[PDB]
Amino acid sequence: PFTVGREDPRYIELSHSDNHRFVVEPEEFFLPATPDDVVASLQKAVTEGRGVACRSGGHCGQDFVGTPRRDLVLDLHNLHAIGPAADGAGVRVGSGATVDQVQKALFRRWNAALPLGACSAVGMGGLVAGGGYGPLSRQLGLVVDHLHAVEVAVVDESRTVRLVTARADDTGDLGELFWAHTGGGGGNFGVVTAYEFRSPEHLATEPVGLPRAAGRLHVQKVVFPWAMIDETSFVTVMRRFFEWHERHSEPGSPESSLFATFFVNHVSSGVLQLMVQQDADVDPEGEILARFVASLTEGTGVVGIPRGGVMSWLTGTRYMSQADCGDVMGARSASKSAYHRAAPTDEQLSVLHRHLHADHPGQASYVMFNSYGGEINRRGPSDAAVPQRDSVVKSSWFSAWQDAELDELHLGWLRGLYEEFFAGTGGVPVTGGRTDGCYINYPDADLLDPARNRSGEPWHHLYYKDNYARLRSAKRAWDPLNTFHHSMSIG
Amino acid sequence: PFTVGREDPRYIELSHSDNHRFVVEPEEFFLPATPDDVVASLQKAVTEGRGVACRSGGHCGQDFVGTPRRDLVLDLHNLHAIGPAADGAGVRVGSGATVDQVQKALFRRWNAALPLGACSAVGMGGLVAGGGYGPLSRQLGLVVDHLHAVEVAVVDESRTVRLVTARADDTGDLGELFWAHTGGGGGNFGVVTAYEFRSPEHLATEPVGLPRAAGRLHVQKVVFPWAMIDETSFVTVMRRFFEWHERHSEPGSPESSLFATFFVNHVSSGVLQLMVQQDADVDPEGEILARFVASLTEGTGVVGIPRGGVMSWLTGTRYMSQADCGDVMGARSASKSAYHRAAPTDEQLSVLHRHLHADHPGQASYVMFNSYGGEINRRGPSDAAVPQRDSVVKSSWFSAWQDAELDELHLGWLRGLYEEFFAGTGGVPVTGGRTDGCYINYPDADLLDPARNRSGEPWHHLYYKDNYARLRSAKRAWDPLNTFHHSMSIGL
Ligand SMILES: *Cc1cc2c(nc3c(=O)[nH]c(=O)nc-3n2C[C@H](O)[C@H](O)[C@H](O)COP(=O)(O)OP(=O)(O)OC[C@H]2O[C@@H](n3cnc4c(N)ncnc43)[C@H](O)[C@@H]2O)c(*)c1C
Ligand SMILES: *Cc1cc2c(nc3c(=O)[nH]c(=O)nc-3n2C[C@H](O)[C@H](O)[C@H](O)COP(=O)(O)OP(=O)(O)OC[C@H]2O[C@@H](n3cnc4c(N)ncnc43)[C@H](O)[C@@H]2O)c(*)c1C
Ligand SMILES: C=Cc1cc(OC)c2c(c1)[C@H](O)Oc1c-2cc(OC)c2c(O)ccc([C@H]3O[C@@H]([C@@H](C)O)[C@H](O)[C@H]3O)c12
Ligand SMILES: C=Cc1cc(OC)c2c(c1)[C@H](O)Oc1c-2cc(OC)c2c(O)ccc([C@H]3O[C@@H]([C@@H](C)O)[C@H](O)[C@H]3O)c12
């Protein structure tokens with residue numbers, strides 16, 4: 001239970017989150033070991049008028065943790081305990097636990113799985129608060145759809161800090177706090193010290209009331225050389241990917257056992273890469289997977305080089321996942337998001353193609369398209385703070401790089417692509433049409449700027465749609481002093 | 001603590017270690033949560049005559065855990081606690097902890113670092129028992145050079161299991177058990193439940209008696225396209241790499257702050273890849289690093305594409321490291337090892353080149369050359385069970401692939417290259433010449449076969465040299481019933 005000031009040599013490491021474009025430089029970091037430590041620390045800070053913020057996994061796409069300047073940053077990585085829920089079924093998970101830790105614990109102790117993300121180093125803190133989706137989401141829904149309770153340290157009008165727990169079944173103000181944590185996003189209401197999970201009745205199994213991890217996964221990665229792909233066949237492949245998702249994204253369908261990630265890389269990478277996994281319990285021969293993959297490229301001259309097989313759950317999952325190692329470490333990055341309810345037009349796809357061929361250093365520049373929908377779309381838009389309940393594909397527009405001197409170049413490329421792709425609707429994926437806005441866990445500060453966003457739609461509507469009002473009430477009720485704020489925090 | 005039998009769905013996952021060539025299929029797995037669970041479980045098992053083995057990180061290069069058939073496998077991954085020793089110098093680390101957990105804990109709690117390996121998923125269990133080296137080893141030595149104590153469950157002549165702790169300062173039988181754990185290799189003496197680490201005086205710092213982690217690391221990766229490299233320039237680059245290590249591998253030298261990993265990939269990968277890191281506290285501008293890299297390719301037409309920079313310790317280390325993700329998962333693999341005391345001949349290097357160009361599916365086939373020596377070579381060969389104390393480069397000869405039907409093909413290529421490269425000395429890197437044998441943590445069953453090994457030097461001499469006799473005595477004393485054995489275990 002210690003403190004790391006500017007004078008301490010651990011400070012330099014602590015001053016970097018995953019995205020190296022932003023720096024976190026408080027007077028001190030505090031590393032708590034228990035929720036009580038969190039409470040005492042916050043109390044000391046707010047009484048003394050010091051500004052605070054917390055960090056779990058450090059994966060934030062923006063400067064939320066370290067901007068504006070903080071006096072105190074709580075680093076939560078020691079709060080990583082996983083155990084049965086005190087009361088009832090379910091599992092309690094510390095907010096400082098990473099996806100990797102959670103997956104391993106759930107699987108090894110209970111043969112259980114939650115729809116956690118594909119990146120093993122992401123922290124539960126931000127992931128859960130923002131919604132959270134993953135390769136299992138078409139079967140299991142969003143992470144917040146399994147949320148039973150939240151234990152969070154909040155600050156009231158009299159500057160008193162309290163540890164409150166808010167449950168799925170609570171009403172009144174507690175009910176609002178709980179609901180606000182099912183997609184409201186981190187850094188808004190207080191410091192979550194733990195989450196409790198309990199699945200919906202139709203997904204729950206024993207022993208702990210979570211879903212069963214599949215016995216086996218069909219996993220497959222297919223590399224397509226850019227050299228074999230012209231504009232026309234590119235447009236065809238993309239269109240088919242999207243149309244397959246248009247047809248096969250109902251809750252409960254057989255195809256909901258399948259999840260694809262399409263890395264549409266800038267041409268300097270030499271390849272497009274398709275990753276697909278399917279639950280082998282549902283489909284022992286992986287017929288659906290084979291048909292999907294084959295159908296993508298049938299009519300074209302495009303031939304992919306496949307690799308993979310059938311693997312046990314933990315091994316297959318790690319084979320498909322991104323860990324905290326190699327070239328994703330220490331990098332500067334920028335990302336944008338879009339929810340798709342239907343396929344992009346062919347003209348949009350042509351714009352994409354063109355930008356993927358521009359003269360640009362894009363060995364780590366790409367657009368990722370993920371399968372979405374399925375079980376996710378079972379719920380109604382108002383049931384959780386996350387509003388998007390009828391999209392079928394989710395996209396992430398991404399660029400990473402090393403030197404600060406190249407920031408403008410890379411932002412330039414990303415903006416150029418995104419804004420042109422969505423030029424028909426003011427350069428953003430407006431809600432209620434072919435698209436349904438953006439995902440708060442891929443926050444994008446450009447949405448605040450009229451030069452970037454000409455749609456008339458404010459950031460809070462793209463992220464929260466009609467849930468914003470309720471989030472605002474919850475904010476007034478639970479953080480009246482605006483103790484927790486950042487450049488895109490609830491108003 | 002709990003048990004996983006054949007009807008339990010978790011069994012499927014537990015039946016695979018990292019190397020998918022081998023399967024581990026006992027009647028049950030047991031998952032202890034404490035050292036006493038380990039003791040009680042072993043006791044039951046040996047009393048009822050059941051065969052046992054343990055597993056920590058599952059990184060074993062061979063079938064040691066699951067062959068011969070076991071009735072019971074103890075999976076140790078829950079024994080991962082890290083805390084101050086009690087006491088009150090040094091740190092206690094559960095045998096089930098991974099490199100990643102240890103690095104993070106040491107760094108975040110004490111600004112400390114041990115010379116752990118470059119692979120984050122490797123378990124302390126096997127790593128430590130075998131010796132253990134890493135990017136920090138030229139400054140800090142081997143992991144076993146920081147070993148202060150070992151807490152291990154052993155089985156005596158009357159089939160009684162007991163938890164004993166053996167200390168660096170112990171004499172008699174206990175002293176032997178401790179010494180045997182400093183390089184004797186896993187699966188030999190009993191189930192280690194924990195290690196305690198306390199560094200040599202000259203490396204130790206407050207508050208826990210471990211070394212200080214560097215403030216910053218220069219880290220650099222350089223890619224050389226095969227297309228720009230002909231046989232001659234390949235031989236030149238390799239020769240320079242080795243010669244640089246011949247000159248700059250004394251303990252305490254400035255250059256000992258530098259560590260390089262050269263992935264010499266089969267041509268189908270399109271590139272050779274050089275990774276280099278240097279302690280930035282010792283050399284703030286990274287001059288040594290820059291000169292080393294430049295000197296490798298000066299005279300040639302070869303031009304590398306570099307990337308990297310100066311990073312904080314945890315970030316830099318993870319940037320250079322291999323984690324449990326992507327294409328290293330679920331694969332079948334084979335590896336061989338060699339210690340080099342001096343540069344290979346140019347004719348050996350030509351052999352290497354030619355095999356790297358053979359028509360073979362080698363997108364994950366390569367030879368990795370790692371800087372060695374420095375602090376490692378401070379100790380004498382008999383001080384720990386690890387005998388190699390004057391080598392300057394360490395090589396790993398590696399192939400990984402997916403389909404069982406291709407085993408023979410890949411083994412074929414690996415054997416073909418290794419045995420030809422060392423043809424001068426019976427197809428193995430014999431001790432006491434240009435080479436100094438093999439590293440038990442890269443175990444290689446081919447050393448047991450006369451068709452593969454024509455040197456006359458038995459596996460136990462290549463791995464342990466003149467420490468074998470002492471290891472055997474320790475084995476007789478501490479595992480008289482040969483409860484713990486495998487295809488390359490210390491003979492009783
Ligand atoms: C970098 C990265 C992000 C990913 C990746 N994969 C994802 C996936 O497969 N599915 C997803 O749905 N999301 C994926 N993401 C995005 C992550 O979800 C977001 O980046 C998360 O917001 C990150 O969470 P965390 O790692 O904890 O990030 P932080 O930087 O620490 O925090 C963000 C934000 O939230 C506040 N906050 C953190 N913790 C708390 C708690 N305890 N209570 C309140 N508020 C908290 C922080 O202060 C900050 O404001 C794959 C990759 C590589
Ligand atoms: C796969 C892999 C291995 C690496 C990597 N990097 C290394 C590095 O950078 N430096 C090294 O020095 N070594 C590296 N290695 C090799 C590993 O060190 C060895 O492969 C280890 O022996 C593996 O350790 P572990 O993960 O624990 O392997 P297991 O298979 O579980 O066990 C091996 C062996 O030892 C016995 N054993 C395990 N645990 C115990 C305990 N507690 N007590 C006694 N015996 C134990 C097992 O029975 C088995 O016999 C990078 C990569 C990717
Ligand atoms: C559920 C399927 C899924 C599969 C993935 O992989 C198969 C990834 C993701 C989802 C995911 O949503 O995000 C990432 C994935 C993979 C990465 O690497 C290979 C990612 C990376 O290298 C960087 C960032 C992200 C993410 O962080 C956000 C940052 C900016 O906050 C970005 O908006 C994201 O791009 C990655
Ligand atoms: C200290 C520097 C260092 C850096 C490394 O990396 C930068 C690795 C190693 C050392 C190390 O000695 O071993 C490995 C390294 C990297 C890998 O990946 C990138 C390895 C891999 O992918 C597989 C196996 C090994 C190892 O396991 C053994 C298996 C067979 O038991 C093999 O004999 C080894 O090859 C790796």
# chains A, B, ... in the order shown; residues from 1 in each chain; ligands from 1
>>> residues_around(residues="segment 204-211 of chain A", least_positions_apart="2", cutoff="8 Å", atoms="only C-alpha atoms", output="short mmCIF file (atom, residue, chain, number, x, y, z; two decimals) with C-alpha atoms, in the first residue's frame")
data_model
loop_
_atom_site.label_atom_id
_atom_site.label_comp_id
_atom_site.auth_asym_id
_atom_site.auth_seq_id
_atom_site.Cartn_x
_atom_site.Cartn_y
_atom_site.Cartn_z
CA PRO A 84 -17.30 -16.05 -5.34
CA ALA A 89 -24.07 -16.66 -6.86
CA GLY A 90 -21.84 -14.79 -9.21
CA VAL A 91 -18.28 -13.73 -9.10
CA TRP A 110 -15.45 -22.73 -12.95
CA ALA A 112 -16.80 -20.17 -17.12
CA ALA A 113 -16.36 -17.34 -19.60
CA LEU A 114 -17.55 -13.76 -19.95
CA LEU A 140 -23.24 -13.84 -24.49
CA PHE A 197 -21.23 -10.60 -12.25
CA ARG A 198 -24.28 -12.77 -12.58
CA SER A 199 -25.64 -13.81 -15.85
CA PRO A 200 -29.17 -13.65 -17.21
CA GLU A 201 -31.09 -16.82 -16.40
CA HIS A 202 -30.89 -18.24 -19.95
CA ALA A 213 -16.83 -21.91 -21.65
#
>>> interface_residues(of="chain B", to="chain A", cutoff="6 Å", atoms="only C-alpha atoms", output="PyMOL selection string")
chain B and resi 13+312+318-319+323+325-326+329
>>> residues_near_ligand(ligand="ligand 4", cutoff="7 Å", atoms="only C-alpha atoms and all ligand atoms", output="list in words")
residues 59, 60, 61, 117, 118, 119, 133, 134, 135, 261, 320, 321, 322, 328, 333, 334, 335, 336, 337, 370, 396, 397, 398, 441 and 442 of chain B
>>> write_last_selection(atoms="N, CA, C and O atoms", output="mmCIF file, in the first residue's frame")
data_model
loop_
_atom_site.group_PDB
_atom_site.id
_atom_site.type_symbol
_atom_site.label_atom_id
_atom_site.label_comp_id
_atom_site.auth_asym_id
_atom_site.auth_seq_id
_atom_site.Cartn_x
_atom_site.Cartn_y
_atom_site.Cartn_z
ATOM 1 N N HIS B 59 6.340 -24.945 -20.077
ATOM 2 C CA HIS B 59 7.208 -24.629 -21.178
ATOM 3 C C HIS B 59 8.243 -25.647 -21.595
ATOM 4 O O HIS B 59 8.953 -25.455 -22.498
ATOM 5 N N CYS B 60 8.216 -26.776 -20.953
ATOM 6 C CA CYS B 60 9.184 -27.830 -21.201
ATOM 7 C C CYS B 60 9.340 -28.136 -22.683
ATOM 8 O O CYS B 60 8.360 -28.315 -23.387
ATOM 9 N N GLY B 61 10.580 -28.199 -23.154
ATOM 10 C CA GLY B 61 10.843 -28.522 -24.544
ATOM 11 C C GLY B 61 10.620 -29.991 -24.895
ATOM 12 O O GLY B 61 10.594 -30.347 -26.060
ATOM 13 N N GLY B 117 13.993 -14.768 -17.785
ATOM 14 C CA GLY B 117 14.043 -14.967 -19.222
ATOM 15 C C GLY B 117 13.275 -13.924 -20.002
ATOM 16 O O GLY B 117 12.642 -13.044 -19.424
ATOM 17 N N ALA B 118 13.320 -14.038 -21.325
ATOM 18 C CA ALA B 118 12.599 -13.122 -22.194
ATOM 19 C C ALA B 118 11.140 -13.537 -22.475
ATOM 20 O O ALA B 118 10.402 -12.803 -23.121
ATOM 21 N N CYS B 119 10.740 -14.717 -22.016
ATOM 22 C CA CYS B 119 9.383 -15.206 -22.256
ATOM 23 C C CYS B 119 8.511 -15.049 -21.015
ATOM 24 O O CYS B 119 8.752 -15.695 -20.001
ATOM 25 N N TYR B 133 18.601 -17.807 -17.691
ATOM 26 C CA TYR B 133 19.316 -16.614 -18.112
ATOM 27 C C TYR B 133 18.381 -15.694 -18.855
ATOM 28 O O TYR B 133 17.308 -16.109 -19.283
ATOM 29 N N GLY B 134 18.789 -14.438 -18.998
ATOM 30 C CA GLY B 134 17.944 -13.440 -19.614
ATOM 31 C C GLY B 134 18.755 -12.274 -20.135
ATOM 32 O O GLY B 134 19.976 -12.264 -20.013
ATOM 33 N N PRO B 135 18.065 -11.277 -20.706
ATOM 34 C CA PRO B 135 18.669 -10.033 -21.197
ATOM 35 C C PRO B 135 19.502 -9.323 -20.129
ATOM 36 O O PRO B 135 20.434 -8.597 -20.483
ATOM 37 N N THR B 261 19.957 -10.202 -29.231
ATOM 38 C CA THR B 261 19.309 -11.415 -29.689
ATOM 39 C C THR B 261 19.234 -11.353 -31.207
ATOM 40 O O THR B 261 18.562 -10.504 -31.762
ATOM 41 N N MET B 320 10.625 -5.868 -25.725
ATOM 42 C CA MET B 320 11.626 -6.857 -26.159
ATOM 43 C C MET B 320 11.172 -8.310 -25.967
ATOM 44 O O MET B 320 11.724 -9.210 -26.579
ATOM 45 N N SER B 321 10.163 -8.518 -25.122
ATOM 46 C CA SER B 321 9.747 -9.854 -24.678
ATOM 47 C C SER B 321 8.745 -10.573 -25.578
ATOM 48 O O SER B 321 8.108 -9.965 -26.435
ATOM 49 N N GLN B 322 8.613 -11.881 -25.334
ATOM 50 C CA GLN B 322 7.603 -12.744 -25.958
ATOM 51 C C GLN B 322 6.529 -13.148 -24.936
ATOM 52 O O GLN B 322 6.846 -13.790 -23.930
ATOM 53 N N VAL B 328 2.757 -18.168 -31.377
ATOM 54 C CA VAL B 328 3.547 -19.055 -30.515
ATOM 55 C C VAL B 328 2.655 -19.993 -29.688
ATOM 56 O O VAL B 328 3.150 -20.879 -28.980
ATOM 57 N N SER B 333 6.672 -27.786 -31.504
ATOM 58 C CA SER B 333 8.016 -27.262 -31.709
ATOM 59 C C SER B 333 9.131 -28.218 -31.349
ATOM 60 O O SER B 333 8.922 -29.200 -30.647
ATOM 61 N N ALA B 334 10.324 -27.917 -31.849
ATOM 62 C CA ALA B 334 11.530 -28.632 -31.462
ATOM 63 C C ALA B 334 12.676 -27.632 -31.368
ATOM 64 O O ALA B 334 12.737 -26.659 -32.119
ATOM 65 N N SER B 335 13.581 -27.864 -30.436
ATOM 66 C CA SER B 335 14.675 -26.947 -30.243
ATOM 67 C C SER B 335 15.919 -27.696 -29.800
ATOM 68 O O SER B 335 15.829 -28.729 -29.123
ATOM 69 N N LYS B 336 17.077 -27.163 -30.187
ATOM 70 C CA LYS B 336 18.351 -27.660 -29.716
ATOM 71 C C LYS B 336 19.160 -26.486 -29.204
ATOM 72 O O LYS B 336 18.814 -25.334 -29.443
ATOM 73 N N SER B 337 20.230 -26.766 -28.476
ATOM 74 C CA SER B 337 20.980 -25.677 -27.860
ATOM 75 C C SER B 337 22.477 -25.851 -28.044
ATOM 76 O O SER B 337 22.956 -26.965 -28.246
ATOM 77 N N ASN B 370 22.135 -15.476 -28.799
ATOM 78 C CA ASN B 370 22.015 -14.509 -27.703
ATOM 79 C C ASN B 370 23.363 -14.183 -27.079
ATOM 80 O O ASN B 370 24.170 -15.075 -26.838
ATOM 81 N N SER B 396 20.040 -21.054 -29.735
ATOM 82 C CA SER B 396 18.846 -21.875 -29.726
ATOM 83 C C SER B 396 18.440 -22.173 -31.178
ATOM 84 O O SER B 396 18.251 -21.259 -31.969
ATOM 85 N N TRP B 397 18.333 -23.451 -31.524
ATOM 86 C CA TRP B 397 18.058 -23.897 -32.888
ATOM 87 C C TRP B 397 16.619 -24.397 -32.931
ATOM 88 O O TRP B 397 16.291 -25.405 -32.315
ATOM 89 N N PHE B 398 15.767 -23.708 -33.675
ATOM 90 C CA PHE B 398 14.343 -23.781 -33.401
ATOM 91 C C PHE B 398 13.459 -24.008 -34.616
ATOM 92 O O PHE B 398 13.667 -23.421 -35.682
ATOM 93 N N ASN B 441 17.613 -26.488 -19.822
ATOM 94 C CA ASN B 441 16.306 -25.859 -20.052
ATOM 95 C C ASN B 441 15.868 -25.830 -21.529
ATOM 96 O O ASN B 441 14.760 -25.450 -21.831
ATOM 97 N N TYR B 442 16.761 -26.225 -22.435
ATOM 98 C CA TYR B 442 16.407 -26.547 -23.818
ATOM 99 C C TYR B 442 16.701 -28.031 -24.057
ATOM 100 O O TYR B 442 17.520 -28.377 -24.920
#
>>> atom_distance(atom1="atom CA of residue 358 of chain B", atom2="atom CA of residue 225 of chain A")
23.8 Å
>>> residues_around(residues="residue 255 of chain A", least_positions_apart="3", cutoff="7 Å", atoms="only C-alpha atoms", output="ChimeraX atom specification")
/A:248,258,288
>>> decode(residues="segment 53-74 of chain A", atoms="N, CA and C atoms", output="short mmCIF file (atom, residue, chain, number, x, y, z; two decimals), in the first residue's frame")
data_model
loop_
_atom_site.label_atom_id
_atom_site.label_comp_id
_atom_site.auth_asym_id
_atom_site.auth_seq_id
_atom_site.Cartn_x
_atom_site.Cartn_y
_atom_site.Cartn_z
N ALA A 53 -7.88 11.36 -10.06
CA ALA A 53 -8.34 10.49 -11.13
C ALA A 53 -7.79 9.10 -10.84
N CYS A 54 -8.37 8.09 -11.46
CA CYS A 54 -7.87 6.73 -11.29
C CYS A 54 -7.52 6.06 -12.61
N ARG A 55 -6.80 4.95 -12.52
CA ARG A 55 -6.39 4.18 -13.68
C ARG A 55 -6.41 2.71 -13.33
N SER A 56 -6.96 1.91 -14.23
CA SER A 56 -6.92 0.48 -14.02
C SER A 56 -5.90 -0.15 -14.96
N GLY A 57 -6.28 -0.38 -16.21
CA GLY A 57 -5.38 -1.07 -17.13
C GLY A 57 -4.56 -0.14 -18.01
N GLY A 58 -4.90 1.14 -18.01
CA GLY A 58 -4.15 2.13 -18.77
C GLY A 58 -4.38 2.11 -20.27
N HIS A 59 -5.42 1.48 -20.72
CA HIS A 59 -5.68 1.39 -22.12
C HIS A 59 -6.48 2.51 -22.78
N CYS A 60 -6.87 3.51 -22.02
CA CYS A 60 -7.62 4.65 -22.52
C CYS A 60 -7.12 5.17 -23.87
N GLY A 61 -8.04 5.39 -24.80
CA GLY A 61 -7.68 5.90 -26.11
C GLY A 61 -7.38 7.40 -26.09
N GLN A 62 -7.79 8.07 -25.02
CA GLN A 62 -7.53 9.50 -24.86
C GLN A 62 -6.73 9.85 -23.58
N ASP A 63 -6.57 11.15 -23.34
CA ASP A 63 -5.80 11.64 -22.19
C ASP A 63 -6.60 11.77 -20.88
N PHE A 64 -7.64 10.95 -20.73
CA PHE A 64 -8.59 11.10 -19.61
C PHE A 64 -7.94 11.05 -18.24
N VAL A 65 -6.95 10.18 -18.07
CA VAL A 65 -6.39 10.02 -16.75
C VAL A 65 -5.53 11.22 -16.31
N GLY A 66 -4.64 11.69 -17.18
CA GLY A 66 -3.67 12.71 -16.79
C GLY A 66 -3.97 14.14 -17.21
N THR A 67 -5.10 14.35 -17.88
CA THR A 67 -5.50 15.68 -18.30
C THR A 67 -6.96 15.92 -17.92
N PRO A 68 -7.25 17.05 -17.24
CA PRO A 68 -6.34 18.12 -16.79
C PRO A 68 -5.38 17.63 -15.71
N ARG A 69 -4.32 18.40 -15.42
CA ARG A 69 -3.33 18.00 -14.42
C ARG A 69 -4.00 17.53 -13.13
N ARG A 70 -3.52 16.42 -12.58
CA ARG A 70 -4.06 15.89 -11.34
C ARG A 70 -2.99 16.04 -10.27
N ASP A 71 -3.43 16.16 -9.02
CA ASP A 71 -2.50 16.12 -7.90
C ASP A 71 -2.23 14.66 -7.52
N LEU A 72 -3.26 13.83 -7.67
CA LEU A 72 -3.22 12.45 -7.24
C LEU A 72 -3.85 11.52 -8.27
N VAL A 73 -3.11 10.48 -8.65
CA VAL A 73 -3.67 9.40 -9.47
C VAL A 73 -3.64 8.08 -8.70
N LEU A 74 -4.81 7.45 -8.58
CA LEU A 74 -4.92 6.14 -7.97
C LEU A 74 -4.72 5.08 -9.02
#
